[PDB]
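For the record, the sequence lines run as chains A, B, C, D, E, F, G, H, I and J.
Per this note's numbering, numbering of the first sequence is gapless, rising by one per residue and ending at 118.
Per this note's numbering, numbering of the second sequence is gapless, rising by one per residue and ending at 352.
Per this note's numbering, numbering of the third sequence is gapless, rising by one per residue and ending at 96.
Per this note's numbering, numbering of the fourth sequence is gapless, rising by one per residue and ending at 502.
Per this note's numbering, numbering of the fifth sequence is gapless, rising by one per residue and ending at 128.
Per this note's numbering, numbering of the sixth sequence is gapless, rising by one per residue and ending at 107.
Per this note's numbering, numbering of the seventh sequence is gapless, rising by one per residue and ending at 501.
Per this note's numbering, numbering of the eighth sequence is gapless, rising by one per residue and ending at 1065.
Per this note's numbering, numbering of the ninth sequence is gapless, rising by one per residue and ending at 99.
Per this note's numbering, numbering of the tenth sequence is gapless, rising by one per residue and ending at 89.
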Amino acid sequence: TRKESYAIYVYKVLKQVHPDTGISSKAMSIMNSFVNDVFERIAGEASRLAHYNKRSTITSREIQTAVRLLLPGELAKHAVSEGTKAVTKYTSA
Amino acid sequence: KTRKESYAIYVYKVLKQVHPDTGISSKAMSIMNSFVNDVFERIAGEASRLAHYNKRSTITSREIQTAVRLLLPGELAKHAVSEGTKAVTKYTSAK
Amino acid sequence: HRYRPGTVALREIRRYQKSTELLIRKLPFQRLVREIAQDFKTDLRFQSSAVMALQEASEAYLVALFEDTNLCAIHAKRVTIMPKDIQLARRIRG
Amino acid sequence: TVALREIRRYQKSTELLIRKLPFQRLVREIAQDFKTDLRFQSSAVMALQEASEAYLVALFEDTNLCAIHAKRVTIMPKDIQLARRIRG
Amino acid sequence: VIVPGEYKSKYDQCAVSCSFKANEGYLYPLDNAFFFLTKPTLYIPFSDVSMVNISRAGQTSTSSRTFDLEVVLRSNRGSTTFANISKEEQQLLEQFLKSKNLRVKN
Amino acid sequence: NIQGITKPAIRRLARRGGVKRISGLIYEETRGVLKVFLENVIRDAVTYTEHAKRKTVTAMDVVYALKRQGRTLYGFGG
Amino acid sequence: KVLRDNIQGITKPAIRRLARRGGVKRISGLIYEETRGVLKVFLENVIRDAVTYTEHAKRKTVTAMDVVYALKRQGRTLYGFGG
Amino acid sequence: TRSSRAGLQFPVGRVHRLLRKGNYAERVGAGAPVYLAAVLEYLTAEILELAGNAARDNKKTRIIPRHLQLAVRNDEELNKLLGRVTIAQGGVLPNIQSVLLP
Amino acid sequence: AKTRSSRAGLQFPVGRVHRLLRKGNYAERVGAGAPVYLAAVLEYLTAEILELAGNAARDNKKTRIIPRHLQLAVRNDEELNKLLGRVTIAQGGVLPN
Amino acid sequence: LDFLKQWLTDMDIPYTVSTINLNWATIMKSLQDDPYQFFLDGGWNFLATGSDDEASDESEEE
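Pasting the structure below:
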């Protein structure tokens, strides 16, 4: 059966951040549940913000404010910088 | 002005149904409306979560029944499921 | 008559437990809040009901924290609260 | 003195201190009250046990802190209810 | 010989469990004494029993093994407090105590 | 500013809490705690406003911020 | 059928090793039964929510997914089991 | 009308629309708004009766937030349902520790 | 290029994340700008935790990362400890103290 | 840590870095009983770990 896993991409991220390092299946499950949890947190915050400002569509602005709220300070700064760079490259392409 | 919807009319109706003499201040009514909205939001969040968890689009009465069974401390939950099952039976009877 | 130490304090405990009034003064607290909010966005205006909400939220937080502080002191077998108690309470709260 | 080590040995380890099968039987015992014929997943049993382990560990941390405030190096039960109530 | 009593505890049981010296053990009533098992095995004869008292708190958890019973023996000046008793156990013990006509302080 | 939350007022708060005797360092330390908690709430409130494209801190936004923090408030918002 | 003393299955050395992992130095005797009770209350809370999720699921097995979901309601989410 | 059909006070049709608008699901059950309106009405009834009893105790005929706070905090169940919530102007239950007393 | 994750250049799946937001009913219709930014955020967070975990593993000298390393990094780093304070990492253990 | 290491090198005192724990009590008692028994059983190199456990995983791919 197909299983919805971020693991395939998480392994790529792991090798880019640290080439020689490997991962146990247990830690890999930790990361899969981590990505699911953070995704649900940010997406839920964006949905509430869309309802709160009465917008019917989530957008990059909602996601970045959701990041600003949920993340603490330093990760919030670096995450918003990386994310705005990411939407910037995507749009410029 | 804009049309702003609050549940105050129904809160006030129920307040007569239970204690006819007593009235409700506007501030306490705002508190009660906030409580009603929060309770509905919590129950709806849990019910939608259950439907998503179990791969069921439709929010049928069973989903909200589980939500009431979960969110509330149980000694209100037993009542709340009871009146609601009664209500669904009544609505099925009527058309 | 000269009240013995502590009795008037107990009287105030009963008094302000009965009362349902704001125990921090509105304009000093509003000035304080505005001073904090200078950092995040300068020249920011406040809805007055919003300021009231910040105030009562802070009151609830400090009241519960003083309850925990007093519990810590009574656990410490000391009637007078000390800062030690406040750190202990917040550290348990986490 | 071995008591002082005995803090520091188990702190490193990732082992689950509560023995596996008595926890399984406890979990099924609690299950029986709410529903019977319930066939738990083994993964579910380990998931329960790990959370219980962490919760008790944090509780004992707060307990020892309460004792240190009291000038008592021994945890007393008053520390347990104090930590529970302040945590809420 | 001593025959076990015909007095039935909670759930038809013949004894009641409670903690002592950091150890859980049973109490068995009998014709002329209470026998507390098993470390240390303690006899409390009714004739030597001076009086008993009950201590209780007010909380929702009172229904779960909370009430306490303190007995005094005057011959040895020995006071023993019996912790961890629930509502039904306390009621059955008190019923036994009136039926035996022992002095219950309060 | 934070000094405006003065010793009589801290005593009044502590008496509402239950405290009978109060040490002197309590006032300064409590002032610090109030500073910290107010920062925590206000950051979320003003962030909510920057999303909203308003220049004022609305009480509804305050309620949403306190909801996010978990220290929910009822009555001063819908 | 019926089980008893399973909470007593939590052993005194297990409680002491827990307290030592948590940093405790000297342990009073009364700690053990109350820690047993605290563990007990936490377990009925978690198990009640999990079993409720399963009764919604129309399933006779309490999946680790439902366990995680109950813990998430309790606000003590765990990573590593299911997803 | 459906609210009369289900014999309830809180609005079944309004709850149905608002559930649809909330994006809780692609589909929203027919008895879902009925059941949810029943639950919400029961909760309002419980809180209102407890607050009214507290108001009679406090010698009032309108319920102020102090009555709501007193009801919620004194009732063990409602304290758990609304534990994190703080009621505006509600105050704290009078509770004073034993050692403090003379 | 052809695939959306490539047109962005993101590792985590832009297209799949779009599908998840669309199916989750988080809004009536999710915009096309949102999923790219979200996938970027998840990339950055996973990268941070993975770097810290590998660093802890290098102190331990073990090449593989284990949930002990994962929990050690999370608890020790103040910032990510605020992000995941309520979380418990399974078989993580407790830090020395 | 670097300052401590430089200071100890200046004092000319060999140092050890490790993570394991044993008593101080039993080592003191045994070494009063015989100052050389611990050098016989390997000296201060025993703190260095040679074989504690083995940990691994099957695989991680998809």
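The beta carbon of each residue, even a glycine, is placed where N, CA and C say it ideally should be.
Opposite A55 (chain E) in the DSSP bridges: which residues? Start at 1 with the first residue of the fifth sequence, and residue 55 (chain E) comes out as number 33. DSSP output for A55 (chain E) lists E:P67 as bridge partner(s).
Option nearest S83 (chain E) by Cα separation, candidates G:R435, G:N424 and G:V456: Position 61 of the fifth sequence, counting from 1, holds the residue named residue 83 (chain E). Of G:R435, G:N424 and G:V456, the residue nearest in Cα terms is G:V456.
Would you mind sorting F297 (chain B) into buried or exposed? The rule is 16 or more other CB atoms within 10 Å of its CB. By 1-based counting over the second sequence, the position of residue 297 (chain B) is 40. Flag for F297 (chain B) reads buried.
Tell me the rounded alpha-carbon separation between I76 (chain E) and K109 (chain E). As a first step, residue 76 (chain E) must be located in the fifth sequence, where it is residue number 54. As a first step, residue 109 (chain E) must be located in the fifth sequence, where it is residue number 87. The straight-line gap from Cα to Cα measures roughly 12 Å.
Kindly indicate which residue of E:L52, E:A44 and E:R78 has the alpha-carbon position closest to the one of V25 (chain E). Numbered from its first residue, the fifth sequence carries residue 25 (chain E) at position 3. Taking only the C-alpha atoms, the option nearest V25 (chain E) is E:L52.
To the nearest angstrom, how far is the alpha carbon of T43 (chain J) from that of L35 (chain J)? Within the tenth sequence, numbered from 1, the residue matching residue 43 (chain J) stands at position 16. Within the tenth sequence, numbered from 1, the residue matching residue 35 (chain J) stands at position 8. Their backbone Cα atoms lie some 11 Å apart in a straight line.
Are the stretch 267-274 of chain B and the stretch 80-89 of chain I in contact at 8 Å, needing three or more beta carbon pairs? no
Suppose the cutoff is 7 Å on Cβ atoms and the five residues either side in sequence are ignored; what does the same chain contact list for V70 (chain F) look like? For the purposes of this step, residue 70 (chain F) is taken as the residue at position 41 of the sixth sequence. Same-chain partners within the cutoff: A94, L95 and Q98.
Bridge partners for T1049 (chain H) per DSSP, in chain order? Position 86 of the eighth sequence holds residue 1049 (chain H). According to the DSSP secondary-structure assignment, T1049 (chain H) is paired through a beta bridge with F:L102.
Are the CB atoms of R78 (chain E) and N106 (chain E) within a distance shorter than 7 Å? Against the fifth sequence, residue 106 (chain E) aligns to sequence position 84. Against the fifth sequence, residue 78 (chain E) aligns to sequence position 56. Not closer than 7 Å, so no.
Does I1059 (chain H) come within less than 7 Å of chain F when only Cβ atoms are used? Counting from 1 along the eighth sequence, the entry for residue 1059 (chain H) is found at position 96. For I1059 (chain H), the answer is yes, since a Cβ of chain F falls inside 7 Å of its Cβ.
Just verifying my parser: in three-state terms, what is the DSSP assignment at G33 (chain I)? Counting from one through the ninth sequence, the residue named residue 33 (chain I) turns up at place 31. Coil at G33 (chain I), not helix or strand.
Residues near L24 (chain C) by beta carbon distance below 8 Å, same chain, minus five either side: Sequence index remark: in the third sequence, residue 24 (chain C) carries index 22 (1-based). Cβ contact annotation for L24 (chain C) (same chain, cutoff 8 Å, sequence separation greater than five): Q57, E58 and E61, in chain order.
Taking beta-carbon pairs under 7 Å, can you tell me which members of the stretch 28-52 of chain E lie near chain G? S41 and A44
Do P1028 (chain H) and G1046 (chain H) have their C-beta atoms within less than 7 Å of each other? On the eighth sequence, residue 1028 (chain H) is found 65 positions in, with the first residue counted as 1. On the eighth sequence, residue 1046 (chain H) is found 83 positions in, with the first residue counted as 1. For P1028 (chain H) and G1046 (chain H), no; Cβs fall outside 7 Å.
Going by the DSSP bridge assignment, what does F48 (chain C) pair with across the sheet? Mapped onto the third sequence, residue 48 (chain C) falls at position 46. According to DSSP, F48 (chain C) shares a beta bridge with F:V86.
Would you give the residue range spanned by the alpha helix (DSSP H) that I421 (chain D) belongs to? Taking the fourth sequence and counting its residues from 1, one reaches residue 421 (chain D) at position 7. Unbroken alpha helix (DSSP H) run through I421 (chain D): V416 to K426.
Any chance the stretch 32-48 of chain I sits against the stretch 80-92 of chain A, with 3 or more Cβ pairs inside 8 Å? yes
Could you check if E420 (chain D) belongs to the surroundings of the ligand ZN, using beta carbon to heavy atom distance under 6 Å? The ligand ZN is not part of the structure shown, which contains no ligands of any sort.
Partners in chain F for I288 (chain B), counting only beta-carbon separations shorter than 8 Å: Taking the second sequence and counting its residues from 1, the one referred to as residue 288 (chain B) is at position 31. What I288 (chain B) touches in chain F: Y103 and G104.
How would you list, in chain order, the residues of chain G whose beta-carbon sits under 8 Å from the beta-carbon of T323 (chain B)? By one-based count along the second sequence, residue 323 (chain B) stands at place 66. Residues of chain G with a Cβ closer than 8 Å to the Cβ of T323 (chain B) are, in chain order, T470, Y471, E473 and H474.
Taking the C-alpha atoms as reference points, what is the distance between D70 (chain C) and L496 (chain D)? Here residue 70 (chain C) refers to the residue found at position 68 when the third sequence is read from its first residue. Here residue 496 (chain D) refers to the residue found at position 82 when the fourth sequence is read from its first residue. Between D70 (chain C) and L496 (chain D), the C-alpha separation is close to 9 Å.
Does DSSP put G33 (chain F) in a helix, a strand or coil? By one-based count along the sixth sequence, residue 33 (chain F) stands at place 4. Of the three classes helix, strand and coil, the one that applies to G33 (chain F) here is helix, per DSSP.
Per DSSP, cross-strand counterpart(s) of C40 (chain E): Counting from 1 along the fifth sequence, the entry for residue 40 (chain E) is found at position 18. As a beta-bridge residue in DSSP terms, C40 (chain E) pairs with E:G47.
In the structure shown, what three-state DSSP assignment does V112 (chain A) receive? Numbered from its first residue, the first sequence carries residue 112 (chain A) at position 87. Looking at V112 (chain A) - three-state DSSP - the assignment turns out to be helix.
Does DSSP put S121 (chain E) in a helix, a strand or coil? As a first step, residue 121 (chain E) must be located in the fifth sequence, where it is residue number 99. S121 (chain E) falls in the helix class under three-state DSSP.
Report yes or no: is there a C-beta of chain F within less than 7 Å of the C-beta of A52 (chain C)? Here residue 52 (chain C) refers to the residue found at position 50 of the third sequence. So yes, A52 (chain C) belongs to the interface.
Would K79 (chain A) pass as an interface residue toward chain I - the criterion being a Cβ-Cβ separation below 7 Å? Mapped onto the first sequence, residue 79 (chain A) falls at position 54. Not an interface residue.
Out of F:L67, F:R44, F:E79 and F:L54, state which residue places its alpha-carbon closest to the alpha-carbon of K43 (chain C). Reading the third sequence from its first residue, position 41 is the one you call residue 43 (chain C). Of the listed residues, the one whose Cα sits closest to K43 (chain C) is F:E79.
If you measure from the beta carbon of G501 (chain G) to each beta carbon in chain I, is any gap under 7 Å? Counted from its first residue, the seventh sequence places residue 501 (chain G) at position 83. No, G501 (chain G) lies away from the interface with chain I (no Cβ there is under 7 Å from its Cβ).
Does the distance from the CB of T82 (chain C) to the CB of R50 (chain F) come in under 7 Å? For the purposes of this step, residue 82 (chain C) is taken as residue 80 along the third sequence, with counting starting at 1. For the purposes of this step, residue 50 (chain F) is taken as residue 21 along the sixth sequence, with counting starting at 1. Taking 7 Å as the Cβ cut-off, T82 (chain C) and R50 (chain F) qualify as a contacting pair.
Taking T53 (chain J) as part of the alpha helix (DSSP H), name the residues at either end of that continuous run. Reading the tenth sequence from its first residue, position 26 is the one you call residue 53 (chain J). Looking at the DSSP string, the run of the alpha helix (DSSP H) that includes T53 (chain J) is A52 to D60.
Determine which residues of the stretch 63-87 of chain J have a Cβ less than 9 Å from any Cβ of chain A, and write them out in chain order. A82, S83, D84, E85, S86 and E87
Over the uninterrupted alpha helix (DSSP H) stretch that includes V93 (chain E), give me the two end residues. To locate residue 93 (chain E), count along the fifth sequence from 1; it is residue 71. No alpha helix (DSSP H) contains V93 (chain E), which is instead part of the beta strand (DSSP E) from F89 to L95.
Against chain H, does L307 (chain B) count as a neighbour if the rule is that its beta carbon must be under 7 Å from one of theirs? Working through the second sequence from its first residue, we reach residue 307 (chain B) at position 50. It does not: the Cβ of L307 (chain B) has no partner Cβ on chain H nearer than 7 Å.
Out of D:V471, D:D493 and D:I432, which one is the CA nearest neighbour of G427 (chain G)? One-based indexing of the seventh sequence puts residue 427 (chain G) at position 9. The residue with the shortest Cα to Cα distance from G427 (chain G) is D:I432.
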